[PDB]
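If you want the building blocks of each chain, they are given just below.
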Amino acid sequence: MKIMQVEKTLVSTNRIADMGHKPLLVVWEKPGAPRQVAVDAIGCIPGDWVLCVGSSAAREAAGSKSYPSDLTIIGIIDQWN
Amino acid sequence: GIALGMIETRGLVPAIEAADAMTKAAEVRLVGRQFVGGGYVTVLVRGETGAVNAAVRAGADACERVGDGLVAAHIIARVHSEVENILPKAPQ
Amino acid sequence: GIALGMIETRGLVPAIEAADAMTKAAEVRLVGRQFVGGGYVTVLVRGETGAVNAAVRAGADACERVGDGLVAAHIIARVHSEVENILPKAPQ
Amino acid sequence: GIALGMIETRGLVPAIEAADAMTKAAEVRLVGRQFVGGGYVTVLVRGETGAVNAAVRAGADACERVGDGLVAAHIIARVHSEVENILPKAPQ
Amino acid sequence: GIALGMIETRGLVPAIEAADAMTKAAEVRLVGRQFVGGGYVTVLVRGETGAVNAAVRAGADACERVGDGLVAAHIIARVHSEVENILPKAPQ
Amino acid sequence: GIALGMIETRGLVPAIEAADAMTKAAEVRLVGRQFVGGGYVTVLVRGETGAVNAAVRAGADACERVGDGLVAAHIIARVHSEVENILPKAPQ
Amino acid sequence: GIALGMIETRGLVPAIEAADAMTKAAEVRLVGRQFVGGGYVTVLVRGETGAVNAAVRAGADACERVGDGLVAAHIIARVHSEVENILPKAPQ
Amino acid sequence: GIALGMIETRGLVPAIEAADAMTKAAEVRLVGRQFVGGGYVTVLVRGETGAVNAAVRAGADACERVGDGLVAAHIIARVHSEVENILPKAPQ
Amino acid sequence: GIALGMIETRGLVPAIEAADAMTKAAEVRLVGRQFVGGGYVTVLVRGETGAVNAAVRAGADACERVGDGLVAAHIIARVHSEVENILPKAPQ
Amino acid sequence: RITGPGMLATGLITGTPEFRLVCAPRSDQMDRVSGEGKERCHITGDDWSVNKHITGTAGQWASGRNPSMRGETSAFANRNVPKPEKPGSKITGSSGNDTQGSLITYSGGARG
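In the nomenclature of the PDB entry, chain J is known as Carboxysome assembly protein CsoS2B of Halothiobacillus neapolitanus. The title given to this entry in the Protein Data Bank is "cryo-EM structure of carboxysomal mini-shell: icosahedral assembly from CsoS4A/1A and CsoS2 co-expression (T = 9)".

Where the PDB entry is consulted, chain B appears under the name Major carboxysome shell protein CsoS1A, with the organism given as Halothiobacillus neapolitanus. According to UniProt, the comment filed for chain B under the heading Subcellular location is "Carboxysome". The Sequence similarities comment attached to chain B in UniProt states, word for word, "Belongs to the bacterial microcompartments protein family. CsoS1 subfamily."

This is how it looks when you write it as structure tokens:
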């Protein structure tokens, strides 16, 4: 898993129906780093440092074995700089 | 910026959770939390139609399983100017 | 417009949906939204008889599926001057 | 006239319909509309005994199948002076 | 008036009928009509012990069949001095 | 004493009976009557822990058969300082 | 800390027990007691995530058999700034 | 008042319980406790006639099942001045 | 010691045993042993409510099987202030 | 037969002259007083509990004092009110048309 900081929300109206109602957040490891989009299973705010699992675990982390996600936020770090 | 999203719950805790999830999902402003009476609570958001759509979907999903649960998840993309009179402009 | 159209719903969200549908459907002025108590919310519109007929039908149809649903859809075509003391003139 | 007519309904819509019917039927003045809480709404009229009798009968007949219906239809020909303190003189 | 008479009704019409009955029955002073919430309404009378006794019996009998009816009819011949701080002095 | 005892009832009449019985039974003082909403009324007393125990027991036994009866009877021997900010200090 | 803990109960007595348990179990501040309507009562605490987690668990355990019992026990680790506008800062 | 309520008991404990119940039930004053002989104990109260009736009823019900019970519960609404010579004025 | 504990026995020996058990069980002061007449003996203790409860329980249990036995075991958490005029302060 | 307002609302008007382990299991033991007043756990020794043959304070000595004669609309009670059929979505194309989550309604009650 990775440690990433939540930057802002991501909205895709025409996204596939398999995504459900899950919100999407823009995450990067630090300001200026390449941006990635994670499925927010926790409900985080911008500026939070979160834990992002990838690969096949992200699908179950987002809700089901067949969820279309390769990056899901599974926790908020209690204290991180 | 003028679409309206609404979530009605049974009890204040699901309403607060729904408002939190809504404002976390997209760029929506929380304009009102109304104590309807008899336990109903309504939280209202304003914003762009797509942002309101995503926010309301996320809020409904988040508040369905909290407390006594969710009553309504409703989106009005184009609000009639007459309805603006009964809509709150800021929370309290 | 002297005719009166009222829709009573369980919860605020169907009431707001009914008000939006009514004001979109026909030339009717939204004059009030009342928190009755116990979850009842009533929305009142004024206008001509035909406009009020169309507005109330559209509002009932639009709000019956929203939230806990629709309680009453009523039309008073010629309200008595006594009744205007308890009717809101401008919504809040 | 100092006789008292009271109609209690579930919801505002039957109460408004009953008030319209009462003030149409007889020479009574609408003096109050109380939100009792829990959904109960009470409308009060004053007048002479015959006017109050006719008005209450008409209002009960009119609001019986409106919304969630009718709860009470009551007449007091002469209330005690103590009861005047808990009766509205004018509605709002 | 040291003795306390209390009648609790489901709705406001039985409360008004009970208050009228009590004040007509005996020398009691109506000191409060409280909207408790959820539809409960309580009428409170003070007076001498026998007067409050007669008033409470009369009010219960009168409001038995009015509206949603009787909930409680209670007499306290002398409340504790602490209780006086939660009892209304005059109706509002 | 600093212990807290509370009785929750359905309606005001059982709450007032519970307060009267509580104050007459033991060395406790009435610190508040609260209208919770939806028909609930809460009465609160303070005193020594054993006195509070006896008082709350007597209040429950007295108010159980009054009106719609007893909802809750509870004793906290030492409330947290934070909870002191949501408790009424004196009855009104 | 900016974490939020919420317990919703049916009636005020279980809410007070929940608040007492939450404040005794962890370093959290009681910021509000809200009468939602219909009998719902919500107690809200703020603090660090671990403290709020412990407090909410203890309160949910403590109030589950008090009166009409628990409705919701919810934790939000990080509250969105929009929701801070609908959350009480100090109780009363 | 000038009415006289008397409770006669078998033993001192039911007499003390009866005196407490009478004083707590109604606006009466305890004037004496007399040991009669053979185990009889008499407690006497003074007050208004209705207050005396309520107090005597409550005391008789309270002391009926305490110890060896109740012998007599009597009310004299007006006492002849000749009988005041055999009545204690202040309890001792 | 606000609370009052009373034990009535047939004869003096069970009264003495009850007094010993009461004063050993809990912190209560023996404020009176009263020869009622006809063979009844009453022992009265004062103290905290919980202490009085434990003391009276122990005294009843101890003196039940002694001599001619127990008559009454009675507790009053707080007597009426007028009842204090017929209660001994010290055992003479 | 005289017609008019007097024939209305027959049987509905009132007020007319004519009308006039140490601790017991948690599941199956509900305490009289909760919290610090609980009697669930068996406390031995000199506790404040009262025996059966001891009288006063509570019981009939609190409920027999005052004479008494005995005689829902809310969000919780409305959770099972009859509702019409849930709206369906017949639209095609990629529009986030999830059909398994919670019910989302658009203007007019359309599924969204």
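Participant: Just to check I follow, could you spell out the overall build of chain B for this structure?
Facilitator: Of regular secondary structure, chain B possesses 2 helices and 4 strands. Along chain B, helices and strands appear, N-terminal first, in the series β-α-β-β-α-β. A compact globule built from 92 residues would reach a C-alpha radius of gyration of about 12 Å, and chain B, at 12 Å, matches this within 12%. In terms of principal-axis extent, the alpha carbons of chain B reach across some 35 × 25 × 20 Å.

Participant: For this particular structure, what's the right way to read the overall build of chain J?
Facilitator: Across its full length, chain J carries 1 helix and 2 strands. Taking 2.2 N^0.38 as the reference for a compact globule, 112 residues should give roughly 13 Å; the C-alpha atoms of chain J span a radius of gyration of 31 Å, well beyond that estimate. For chain J, the spread of C-alpha atoms along the three principal axes comes to 75 × 70 × 20 Å. Element-wise, carbon and sulfur atoms account for 53% of the exposed surface of chain J, whose accessible area totals about 7300 Å².

Participant: Quick question: what am I supposed to make of the state of the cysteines here?
Facilitator: In protein structure, a disulfide is the covalent linkage between the sulfur atoms of two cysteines. Residue and element names in this part refer to chain J. Using the criterion set out here, one finds 1 disulfide over all chains in the structure. Across the disulfide, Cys23 is cross-linked to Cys41 (sulfur-sulfur distance 2.0 Å). Where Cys23 bonds to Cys41 through sulfur, the torsion about that S-S bond is close to 100°, and the disulfide is right-handed. Linking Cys23 in the segment before β1 (34-35) with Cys41 in the loop between β1 and α1 (60-63), this pair joins segments that are 18 residues apart in sequence. For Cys23, a relative accessible area of 25% translates into the label partly exposed.

Participant: Sorry, what's going on with the interface of chain C and chain B here?
Facilitator: Interface size, as often reported, equals the accessible area lost upon joining of the parts. On the chain B side, the residues contacting the 24 residues of chain C number 24 residues. Carbon and sulfur atoms make up 66% of the surface buried where chain C meets chain B, a total of about 1900 Å² over both sides. At the junction of chain C with chain B, the criterion picks out 1 salt bridge. C:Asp68 is paired through a salt bridge with B:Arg10; the nearest N and O atoms lie 3.0 Å apart. Here chain C and chain B share 11 residue pairs in polar contact between them. Elements with a contribution of two residues or more to the side of chain C that touches chain B: α1 (12-25) and β2 (28-37) of chain C. Among the elements that line the side of chain C that touches chain B, the one with the most residues is α1(C), at 9 residues. Of the residues in the side of chain C that touches chain B, the class split is 11 nonpolar, 6 polar and 7 charged.

Participant: Can you walk me through helix α1 (residues 12-25) of chain B in this structure?
Facilitator: Each α-helix winds once per 3.6 residues, and so residues spaced three or four apart point in a common direction. Over its 14 residues, α1(B) runs 20 Å from end to end, which matches the ideal 20 Å to within 8%, given 1.5 Å per residue. Counting buried residues in α1(B) gives 14 out of 14 residues, a clear majority hidden from the surface.

Participant: Help me understand the interface of chain B and chain J, please; the structure alone is not making it clear to me.
Facilitator: In this assembly, 17 residues from chain B lie in contact with 14 residues from chain J. For the pairing of chain B and chain J, the buried interface totals around 1300 Å² over both sides, and the portion due to carbon and sulfur atoms is 47%. A per-residue breakdown of the area chain B buries against chain J is headed by B:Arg10, B:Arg57 and B:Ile75, which together make up 36% of the total. Where chain B meets chain J, there are 0 salt bridges. Our count for the chain B to chain J interface comes out at 9 residue pairs in polar contact. Put simply, the parts of the chain that give the side of chain B that touches chain J at least two residues each are α2 (49-63) and β4 (70-76) of chain B. Of the residues assigned to the side of chain B that touches chain J, the class counts are 8 nonpolar, 4 polar and 5 charged.

Participant: Just checking my understanding: could you explain the pattern of salt bridges for this structure?
Facilitator: Once their charged atoms are close, side chains differing in charge can pair, the charge on each being opposite to the other. Considering all chains together, one arrives at 37 salt bridges over all chains under this definition. We note a salt bridge from A:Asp48 to G:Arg78, for which the minimum N-O separation is 2.8 Å. Separated into two different chains, A:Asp48 in the loop between β3 (36-40) and β4 (49-54) and G:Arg78 in the segment after β4 (70-76) make up a pair that spans both. Looking at A:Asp48, the relative accessible area reads 3%, which means it is buried. G:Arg78 gets classed as buried once you look at its relative accessible area, which sits at 17%. What emerges from the salt-bridge pattern is a single network uniting F:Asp61, F:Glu64, F:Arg65 and J:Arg32.

Participant: Would you take a moment to explain the UniProt feature "domain: BMC" in chain B for this structure?
Facilitator: According to UniProt, the feature "domain: BMC" maps to residues 3-88 of chain B in the numbering used here. Helix makes up 34% of residues 3-88 of chain B and strand makes up 37%, while its end C-alpha atoms are separated by 13 Å.

Participant: Got a minute to help me understand the packing of aromatic side chains in this structure?
Facilitator: Describing an aromatic ring pair means giving the distance of the ring centres and the angle of the ring planes. Overall, the coordinates contain 0 aromatic pairs over all chains when judged by the stated rule. The residue whose ring lies beneath G:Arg10 is J:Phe76, and the NZ or CZ to ring-centre distance is 4.2 Å. Between the NZ or CZ atom of J:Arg79 and the centre of the ring of J:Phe76, over which it lies, the distance is 4.1 Å.

Participant: How should helix α2 (residues 49-63) of chain F be read in this particular structure?
Facilitator: All names here are of chain F. Relative to the 21 Å expected for 15 residues at 1.5 Å per residue, α2 spans 21 Å between its end C-alpha atoms, a close match to the ideal helical length. Counted residue by residue, α2 has 13 buried out of 15 residues, so it is predominantly covered. Looking at where α2 begins, the residue whose side-chain oxygen comes 3.0 Å from the main-chain nitrogen of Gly50 is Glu48.

Participant: What's the story with the relation of the copies chain C and chain B in this structure? I'm lost.
Facilitator: Comparison of the two chain copies shows a relationship of rotation about an axis with a shift along it. Screw-axis analysis of chain C against chain B gives a translation of 0.4 Å along the axis, an RMSD of 0.3 Å, and a rotation angle of 61°. Expressed as a symmetry operation, the mapping of one chain copy onto the other fits a six-fold axis. The rotation axis passes nearest to the C-alpha of C:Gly38 in chain C, at a distance of 3.8 Å. When the interface residues of chain C are mapped onto chain B, a mere 8% of them again fall at the interface, so the copies present different faces.

Participant: Got a minute to help me understand the environment of G:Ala51 in this structure?
Facilitator: All names here are of chain G. As for its placement among the helices and strands, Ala51 is situated in helix α2 (residues 49-63). Taking the C-alpha atoms as reference points, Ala51 and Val41, 10 residues apart in sequence, are found 22 Å from one another. If near-sequence neighbours (up to four positions away) are discounted, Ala51 is found in contact with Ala26, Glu27 and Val28.

Participant: So what exactly am I meant to see when it comes to unusual backbone geometry here?
Facilitator: Residue A:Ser55 is not a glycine yet carries a positive backbone phi of 65°. Checked against the element boundaries, A:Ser55 lands in the loop between β4 and α1 (57-61). Of the residues examined, A:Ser55 reaches a relative accessible area of 56% and is grouped as exposed. Of note in the backbone geometry, J:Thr57 takes a positive phi value of approximately 65° without being a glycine. Turning to its location among the elements, J:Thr57 is positioned in the loop between β1 and α1. Owing to a relative accessible area of 16%, J:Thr57 belongs among the buried residues under this scheme.

Participant: Got a minute to help me understand the packing of helix α1 (residues 12-25) of chain I against helix α2 (residues 49-63) of chain I in this structure?
Facilitator: Packed helices, taken two at a time, are described by the angle their axes make and the gap between the axes. Residues and elements named next belong to chain I. Here α1 crosses α2 at 145°, and the two axes come no closer than 7 Å. Considering only the axes of α1 and α2, their crossing is right-handed. Residues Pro14, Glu17, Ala18, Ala21, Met22 and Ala25 of α1 touch α2, and the partners they reach there are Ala54, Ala55, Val56, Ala58, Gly59, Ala62 and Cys63. Class assignment of the residues belonging to the contact of α1 with α2 gives a composition of 11 nonpolar, 1 polar and 1 charged.

Participant: What should I look at first to understand the sheet that holds strand β4 (residues 70-76) of chain F in this one?
Facilitator: Across a sheet, strands are paired by hydrogen bonds formed along the backbone, either parallel or antiparallel in direction. Taken in spatial order, the 5 strands make up an open sheet running β2(F)-β3(F)-β1(F)-β4(F)-β1(J), and their pairing is mixed. Single-partner strands in this sheet number two, and they are β2 (28-37) of chain F together with β1 of chain J. Contacting β1 (3-10), β2 and β3 (40-47) of chain F, helix α1 (residues 12-25) of chain F runs over the sheet at an angle of about 10° to β3(F). With respect to the sheet, α2(F) is in contact with β1, β2, β3 and β4 of chain F, its orientation differing from that of β1(F) by roughly 10°.

Participant: Just checking my understanding: could you explain the pairing of strand β1 (residues 3-10) of chain H for this structure?
Facilitator: The two faces of a sheet get side chains in turn, since along a regular strand they alternate between them. Sheet topology places β1(H) next to strand β3 (residues 40-47) of chain H; 8 bridges connect them, and they run antiparallel. Looking at the pairing, H:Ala3 lines up with H:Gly47 of β3(H).

Reading the values: the criteria
- Residues numbered from 1 in each chain as written, not as in the entry; some residues may be left out.
- Chains lettered and ligands numbered in written order.
- Heavy atoms only, no water.
- UniProt positions renumbered as here; feature names shortened; annotations may be inferred.
- Helix = DSSP H or I, 4+ residues; strand = E, 2+ residues; numbered from the N terminus.
- Rg over C-alpha atoms; globule rule 2.2 N^0.38 Å.
- Areas by Shrake-Rupley, 256 points an atom, 1.4 Å probe, with all protein chains shown as cover.
- Disulfide = S-S within 2.5 Å.
- Buried < 20%, exposed > 50% of the residue type's maximum accessible area, 1.4 Å probe, protein only.
- Contact = heavy atoms within 4.5 Å.
- Buried area = accessible area lost by both parts, 1.4 Å probe.
- Salt bridge = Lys/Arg side-chain N within 4 Å of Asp/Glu carboxyl O.
- Polar contact = N/O pair within 3.5 Å; in protein donor to acceptor, adjacent residues only side chain to side chain.
- Nonpolar A, V, L, I, M, F, W, Y, C, P; charged D, E, K, R; others polar.
- Expected span 1.5 Å × (residues − 1).
- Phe/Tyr/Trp six-rings, centres within 6.5 Å; stacked < 30°, edge-to-face > 60°.
- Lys NZ or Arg CZ within 6 Å of the ring centre and 35° of its normal.
- Least-squares fit on C-alpha atoms.
- Axes fitted to C-alpha atoms, helices over the stretch in contact; angles between N-to-C directions.
- Left-handed = near helix turned anticlockwise from the far one by under 90°.
- Pairing = 2+ DSSP bridges.

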